Amino acid sequence: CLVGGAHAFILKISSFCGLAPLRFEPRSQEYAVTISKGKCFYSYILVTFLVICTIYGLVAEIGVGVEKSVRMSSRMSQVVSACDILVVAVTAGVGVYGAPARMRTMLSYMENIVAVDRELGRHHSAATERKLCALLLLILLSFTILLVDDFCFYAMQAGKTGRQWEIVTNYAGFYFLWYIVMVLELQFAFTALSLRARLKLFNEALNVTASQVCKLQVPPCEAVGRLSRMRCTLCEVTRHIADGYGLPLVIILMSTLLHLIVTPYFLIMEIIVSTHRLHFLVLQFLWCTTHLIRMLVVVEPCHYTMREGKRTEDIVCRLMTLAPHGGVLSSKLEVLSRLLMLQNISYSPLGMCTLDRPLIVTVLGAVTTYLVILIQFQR
Amino acid sequence: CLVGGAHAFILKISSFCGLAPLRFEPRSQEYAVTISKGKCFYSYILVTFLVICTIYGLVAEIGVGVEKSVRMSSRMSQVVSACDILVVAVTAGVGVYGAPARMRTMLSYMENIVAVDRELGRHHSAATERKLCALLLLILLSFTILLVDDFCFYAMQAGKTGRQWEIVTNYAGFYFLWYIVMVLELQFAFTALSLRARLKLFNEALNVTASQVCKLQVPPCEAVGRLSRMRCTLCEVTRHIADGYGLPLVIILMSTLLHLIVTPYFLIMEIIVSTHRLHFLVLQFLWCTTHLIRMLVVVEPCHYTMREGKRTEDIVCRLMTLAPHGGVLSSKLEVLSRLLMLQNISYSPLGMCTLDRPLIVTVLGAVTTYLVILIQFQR
Amino acid sequence: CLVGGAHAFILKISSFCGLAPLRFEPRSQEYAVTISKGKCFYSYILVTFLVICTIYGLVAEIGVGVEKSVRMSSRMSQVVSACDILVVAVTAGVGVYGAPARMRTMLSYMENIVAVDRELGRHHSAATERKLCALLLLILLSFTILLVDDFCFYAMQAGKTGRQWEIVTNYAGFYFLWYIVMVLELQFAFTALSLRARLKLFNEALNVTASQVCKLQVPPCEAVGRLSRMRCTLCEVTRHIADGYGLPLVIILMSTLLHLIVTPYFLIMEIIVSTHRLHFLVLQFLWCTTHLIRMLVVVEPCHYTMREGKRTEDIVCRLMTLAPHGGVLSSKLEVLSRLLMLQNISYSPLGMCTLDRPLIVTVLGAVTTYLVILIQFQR
Amino acid sequence: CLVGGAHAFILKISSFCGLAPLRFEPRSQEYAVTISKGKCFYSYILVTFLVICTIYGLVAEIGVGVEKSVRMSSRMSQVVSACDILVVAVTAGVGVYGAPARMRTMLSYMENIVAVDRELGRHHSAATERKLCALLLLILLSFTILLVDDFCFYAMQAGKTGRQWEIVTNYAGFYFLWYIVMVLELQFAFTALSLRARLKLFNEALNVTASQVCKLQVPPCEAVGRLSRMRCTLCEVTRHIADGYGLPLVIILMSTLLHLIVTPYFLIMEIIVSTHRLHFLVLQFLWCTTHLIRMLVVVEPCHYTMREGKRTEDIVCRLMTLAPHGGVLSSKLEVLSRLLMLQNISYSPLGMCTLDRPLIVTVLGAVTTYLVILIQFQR
């Protein structure tokens, strides 16, 4: 297949991250894309090594006494730190170990999306992807800064206790697994949002049909037809993406619920003791901010897609009300008016949950319960 | 745009409340309405000042010892009082700081609503708004009385402890923020309910089409068409209002859940100690009544709108069953019978929750859990 | 209006119960029915008196010491007994004080139901009501027996402690309020289930249209039309009943959730002490059975109505698949196939909850939480 | 009726398990099937005997002191062991005591399924059932191994304490009831999944209609009709199966929620004491795995059926978009496009819950609450 503009860049990031084993060749505005068996094998080696190192680190930190373990001063702290580490190793594992199938899925649907773009204004439509890439890359940079600053803070806790080398080798795996699960989450928030921008362009191309019939190189008598076919393809591609991501997309939500449990637990315990550990207190608040912003980066592209859905259901009904009775346009709008009832576009990871924003009301409805219930066992 | 009747009065209230930066000019039954940049800047100054004063008050009350702090006798009381104050400052802030965009939204949809009223019986239709205004203003008067009586009670607690000036300056901000969030909530319960009354008038204008065809200046062959167009416009306007309010409409619900947690906590603790503080006990019960009545003033206009929805789905199906087969009326009723399946009228703030009355079953399903869980940490 | 068969008997029960202020005159198989202002005033007097007596009883039992109060041995026992009494006084009050409007609703919809029965097999269709009455009356008899046996047990606790007269006058009101709320709940479970039996008869009258067209005094070309009109009327009547009952129908569910909290609390505390109070232990288990069976008598007629709904959606689609293309029957089946998408028949009290059986999964999902949370405060 | 291929084998298992009282006669690839009154009476005797023996065992283990009761060392352990046993006796009872009606249901729907298969590729379609049987039998073998290993472990606990005969006779009933409820659950996961495979074959037979019209012994003008009739029959059969299983299908889910409460309770208590009981610790973890895998064997065939549903709604809309306007194929696709809106295929046991995979999010949302709440009462 062919990738045009910044989608090539976000995939290049996922490739060096081992989340997209793609080999590609340059073009004047594009890259031709292929799977490499070697890059798959490299990615499996890399993440298997980093998962082994992360588990070996967790085992070492469980073995070292609570006296020396600068964030694991008690059994309960060991339990919550194990929760912090382990589900991120789960998300990293189940994410990358599916990566070849996810890229088979992308190499399937992207040909259809290119065929759709060939009618829906592909000309300069890449500027939308350029803007979305420029916006989204800044999130990964911000997280990289925060992760490094976290490791530097714990490295200072190690240095002030004389244990730098061991606390380094115990966590350098875990931090890189965090970075990998961030790259997976951003890659989802890119693909599902470029598809949303294409839906927006389709929707405006339909909207101007309303003015064309009230008063675009073919009459609405044909244009509504060909747009309804594109409105089929731009559903099938959404169900492709929702399936190819559905497993890590739900695992990362479960891991983020667990982190929104574990991080406030630390914040509260570390302000029940004397607040003198100011750097820790701030770093944990910035982590709580990241553990919310990541969830908002998961759910926002879905809500902004389903709003394009609802606005298409609006503008079709406007057009259907203006269109003259019984003429061919009326029948083709009938076709579209049923299509919008059958092919409802919506992400749902493994079908396990409706990924619209009510998911945040549900997840916070769990977080606020479980945080308090868990704290109650500390005292 | 133009505002006729008491909608001008409720907007005038919101204007002096700094929730609607509208400049308007009088007419024999109406006002012409415009945004003023000066009234925007004034509103931003006013609410920024009152939020600064409210935070400065909360900081002062946290600084003053629990001995002298007549409702903050312990750390837990300080925590729950901070919850009481702060989310009301959040609602006031996020409410007013969006006000110019909300009035841009109103100045958009109200022209379409005036165009709809030009066909749906705008003649004397203002009496519905007059009645709704007369009913709703009494709620704001009642709340103003309750708020003043609360401040007078705490001022008496201050006077009997010799601390009147400090307890005054610590809370005069907070009370005015409460008043502002009440004005925002009432303004929603006006706009979303005037739109409901217009839906009712549309629905009756359709209902009498059933008698007209069984036996309104044009045949049903045209009237059902033009009504179906109005039935599009009276959906688009609902999605405009639901979006322009959606953010403060959900923040105020979250704040009201938090108050239905905090206020019963006070009531229970202040009846676990000796009930001699009769004025406090009554005032807190009246606050619990207000914290329920406000939520009912949020949800009731939605439920009474969706009941007009359901009754329109009923009466259309009556009309469709009587209408003769294959004649033009049958096709136009087909159009309407699909429109009612696509353009389902319903509020949903930011889409985050279905604002129908099942929301109260959900929110009380949370309140009764969290109140008990929180009390359990006191003892 | 006119009431035929056992519906007259169940209304006669509700009339002597003061839940249906109907004056009626006999016919050879029917009664003519009217509202009496005198029977309304009598019912308001009766329930106002019994609510005053029940509150006066609760006040007396709160005044008498826990030593003598044979089921109120502690403050917590007083709190849960107050919960037991008070929401039943709420249900009795809000039930009966709406009774005239509920009978206005019945005197409205029953004329339409008689008009429907005039086509859908009203001839001997009363035998369904006869069977349903015979079944449902046995539930009220069983509850009357259980209530009397409860009062006799507590009267024996009073006699063995020498306090019979006071414990009698403290509870004789409460028991009669329980009986009134049982009569209200049964009356709902009669009306909503006779309407279900009429839906079943309609559905079979449609089903045999499938054989008539595959091979009922008019061709399917007309019969499906007239049945679709009846299928409108048998929705409008359901929305009438669901609204006229919706308030006490939801209050009684909330009261039954509260009783499924309070009664197991007694059962557990009274088996944490020595089980020697065998009669009490059995009587409380029989009460827990009644507090489940009442909820099942509320929800079952709804689930058995919506199953007739779903089976009508099935059999219409069978008929639509056999019917020949383009002939008039195809258009009339199109009409019906949309009607089944718009006029979905379902009860919902005040819209506050979907009264289908998932309600029991939701309510038990609350009961099992709140029972344990409440017990945790006892020790 | 007639059963072809491995469905005969899974029914033969259920017959020796007393869950399917079928008498059958062999054919070259099939068996003719009948109910036997004798096999019904035998099954009622067998399960009544084993329920009596299981209750007698539970009573004996409650009678024997906590000193000797190798998994019932305290009252709380007796309570949770009673929960472990009793709801499995409930599931076994309510399962088998309905078995004749369930086989009446099967002997009804299987004739229609054979009639459908006569058009949808029944030729070699049995290989799908062969594969599904080969896969599913391995689950019952695995569970049999685990159950035997559990009984052998407890028999060793008995032998090392000299009490082998009594601990044998106290549990040999319970284990066989576990095996019976496993056979019931697998039988559901066979029937509901063979029906899914038939839906898949139907769906592909429709899909190739898209290529046939773009370019199967009759034109799409007929084929889409006859397929839409089969698409009715393959809904009616699903509602038959969902009803005939709905009661034990929901009871077994409730029992599995209760086991996911009770088993982690043991695991946690038996790791709060010293872990030396390694065999117990492993066996309880393998039980927790089984208590998850059983629930996944319940829900997975539903989710994989509703995905065939959604993919049929997709491919119909593809076909409807290609089909030429106004020709007969367009009307027959209109028929199908409404049928997919009315006859939505989905299991729901007793309607009490949507059995799609969101059920696992709901049930784990309960499990994680109730496990912690219950543990909190231990200490």
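Note that the chains are named A, B, C and D in the order they appear, and that numbering of residues resets to 1 at the start of each chain.
Note that in this section contacts are C-beta pairs under 8 Å (C-beta built on N, C-alpha and C of every residue); 3 or more make two chains touch, one makes a residue touch a chain.
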Task: Shared interface partners, meaning chains that touch subunit A and subunit B - done: none
Open item on the list: As a quick test, compute the distance in whole Å between the mean CA positions of subunit B and subunit C.
Closed with: 35
Open item on the list: Centroid from C-alpha atoms only, then distance subunit A to subunit C, rounded to Å. What do you get?
Closed with: 49
Open item on the list: Can you list every residue of subunit D that touches 2 or more other chains, as numbers and ranges?
Closed with: 341, 369, 373, 376
- [ ] State which pairs of chains touch, listing all of them.
- [x] A-B, A-D, B-C, C-D
- [ ] Could you please specify the touching residues of subunit B with respect to subunit A in the complex?
- [x] 228-229, 232, 235-236, 239, 328, 331-332, 335, 338-339, 341-343, 350-353, 366, 369-370, 373-374, 376-377
Open item on the list: Considering only the defined contacts, which subunit D positions touch subunit A in the complex?
Closed with: 303, 306-307, 310, 313-314, 316-318, 320-321, 325-326, 337, 340-341, 356-358, 360-361, 365, 368-369, 372-373, 376
